[PDB]
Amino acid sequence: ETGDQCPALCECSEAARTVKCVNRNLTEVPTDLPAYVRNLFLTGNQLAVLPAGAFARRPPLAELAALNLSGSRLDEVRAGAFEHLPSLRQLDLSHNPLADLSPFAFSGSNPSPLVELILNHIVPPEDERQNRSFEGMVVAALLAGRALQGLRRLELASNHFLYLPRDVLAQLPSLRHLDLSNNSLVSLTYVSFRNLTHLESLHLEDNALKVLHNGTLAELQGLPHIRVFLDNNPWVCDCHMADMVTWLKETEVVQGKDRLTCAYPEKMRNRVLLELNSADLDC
């Protein structure tokens, strides 16, 4: 509220333990952040580079638990950017053209407190100029040091990813919720969901998936506790779709299953998958 201790260009609430420095075209993280802060919003700025120790203060921001840097024109997050935030549970870097994400951005040097990481729409425009894998860069940051052991929720929508990163599933043992919506995934064939006991939610909407084959159906058929989201994929309703349609009619795993429709072939375009039978599915 008015009069609460606050940096210039920010609005603060001591009662809510909240600092908001939003849509202010800031170029650097404010230096005199109040030590009470639990929730810090620094969205809509022009930060460019997040250096090591960008939030490290003396005394530290020991209560800072939620940090939102979405939409702030960050193009580089350096090694150790989030060091000396011992309570940090939720971090949002979405809608930043992150051309340079250090592998040690989340792990620092030398296990992270992070429980939720939101990295939607981080792929820079015209990233193909780079001679490095963007998805690989992000994966390396996720796995470095095995620092992200407590991570329970990961969002990686809208990043032009071409494949489901298998190492993320194998090496983040606490993950409960994974969002890979609005990417360009084409199949799940070489991905194993067999031992993913903790995974409660998997978002694959708006990808380029053609069909799920029996192998994947089998492994999902054996995860009772998952919710999978498959909306707006360009399903190909030919004879290879037969297993998936059979499964879809029986399963409780797929959320919103009534919305799934064929994109191809032409004679099946826009037909609802749950309504199809063996006679519709021919090669």
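Note that residue numbering follows the sequence shown and begins at 1.
K.L.:
Using what the record says, work out whether there is a hole in the model between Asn131 and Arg132 and how many deposited residues it spans (none, 1 to 3, 4 to 9, 10 or more).
P.N.:
Per the deposited record, the segment joining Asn131 and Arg132 has no missing residues.
K.L.:
I need to verify one thing: averaged over C-alpha atoms only, is the B-factor higher for 119-127 or for 191-199?
P.N.:
The stretch with the larger average C-alpha B-factor is 191-199.
K.L.:
Got a sec? Mean C-alpha B-factor, which is higher, 214-222 or 227-235?
P.N.:
It is 214-222.
K.L.:
What third of the chain does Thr251 rank in for C-alpha temperature factor, lowest, middle or highest?
P.N.:
Middle third by C-alpha B-factor.
K.L.:
In terms of the CA temperature factor given in the entry, to which third of its chain does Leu33 belong: lowest, middle or highest?
P.N.:
Tercile = highest for this residue's CA B-factor.
K.L.:
Lowest, middle or highest third: where is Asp100 by C-alpha B factor in its chain?
P.N.:
Middle third.
K.L.:
Can you tell me whether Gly80 has a C-alpha B-factor in the lowest, middle or highest third compared with the other modelled residues of the same chain?
P.N.:
Ranked within chain, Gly80 CA B lands in the middle tercile.
K.L.:
Taking the chain's C-alpha temperature factors as the reference, tell me which third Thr27 falls into: lowest, middle or highest.
P.N.:
Top third by C-alpha B-factor.
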